[PDB]
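First comes one chain, alone, set out as structure tokens in the form deposited in one PDB entry.
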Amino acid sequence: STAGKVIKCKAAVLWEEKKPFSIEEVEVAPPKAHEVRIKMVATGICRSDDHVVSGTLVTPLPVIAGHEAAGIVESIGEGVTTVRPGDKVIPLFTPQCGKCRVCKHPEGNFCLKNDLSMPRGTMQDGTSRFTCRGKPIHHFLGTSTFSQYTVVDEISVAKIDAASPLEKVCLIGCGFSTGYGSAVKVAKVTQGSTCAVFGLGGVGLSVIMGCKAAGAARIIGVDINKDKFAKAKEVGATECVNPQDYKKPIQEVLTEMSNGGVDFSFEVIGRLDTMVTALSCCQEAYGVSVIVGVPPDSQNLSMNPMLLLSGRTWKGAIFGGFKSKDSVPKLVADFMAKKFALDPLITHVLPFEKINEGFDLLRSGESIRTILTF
């Protein structure tokens, strides 16, 4: 029995930037008041986890990364009321406390208890539940899913349907929800519109799914890797373009293709240049552009404000704009009811011990989502 005791288990520790993950034994403390200890079942490999290795995303090291996952509750601390031992759950990298001004607003989701704006790499109480070779290890976004067991605050976990398939619905913990919501909730794509989607990875394919569900008439995928085009068309793209095939900047190409600019554009890569290109390709009087990709730390973009004065709208969002704890269970129920598909995003399935091979697949351009199974 493990309840109330320290657990010794395997985890993927990142000791320093620009090194492979180290798969080794860690110690996981029992949950304190208002905390939940979870046995992980499946976790996806997202580009944001890779950003921690490359130095694009800054968060305290050493760390247990991972934020897109699903598992089963092993034990609960004093005072927990929304999950119980044995429940299927998805960790929430954006929390939902329900009591701050953002949680109370009709359209906000970036809860003020988040560990994203100024990352500390701890539990809500400022301490860590992990140790490795006698050294305390940091948490990541309040989730830390690259471990057989994790501990999360109650505001950072949602209970889901007991019959759901965890090796698929882990994607609702990040990539699917982010891209789909960016289209249907943040941009509010309209029927008959023309959309442009920059970046055709797991998140950009989810944006395409949302634009198709909203009734867009045209969905133009943009990527420098033409091997991404076939799957983009399968999930709804009507046409695909590679900027390196053209002797003119792609914003000009897209403006001409759309007879004067697109209705909705999405940056789903993480580059300053493509954020400005995506804004510029939407129609100057009524276009909308949404930033989803995460750019290198502490770098500013340059742009001419006349792009906005004519009438464009520019926005960004975390997690597709969804209030996390309310939305995650509903998205799983919609999946169970066949309202959307997750299989098109999954290209590879590997045991957790093959995490480094899964990161090599992402970096080489060969995969969309690899799902790691514990």
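Here the rigid core means the biggest group of C-alpha atoms that line up within 1.5 Å when the two forms are laid on top of each other. Heads up: residue numbers just count along the shown sequence, starting at 1.
Unshown form deposited in another entry; subsequent notes refer to it.
- Shift analysis on the rigid core between the shown form and the other one singles out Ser258 from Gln96, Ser75, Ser164, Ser258 (C-alpha displacement of 2 Å or more).
- After superposing the rigid core, the Cα of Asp297 is displaced by 2 Å or more between the shown form and the other one.
- Here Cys240 counts as shifted, since its C-alpha moves by at least 2 Å between the shown form and the other one after the core is aligned.
- Superposition of the core reveals a Cα shift of less than 2 Å for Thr122 between the shown form and the other one.
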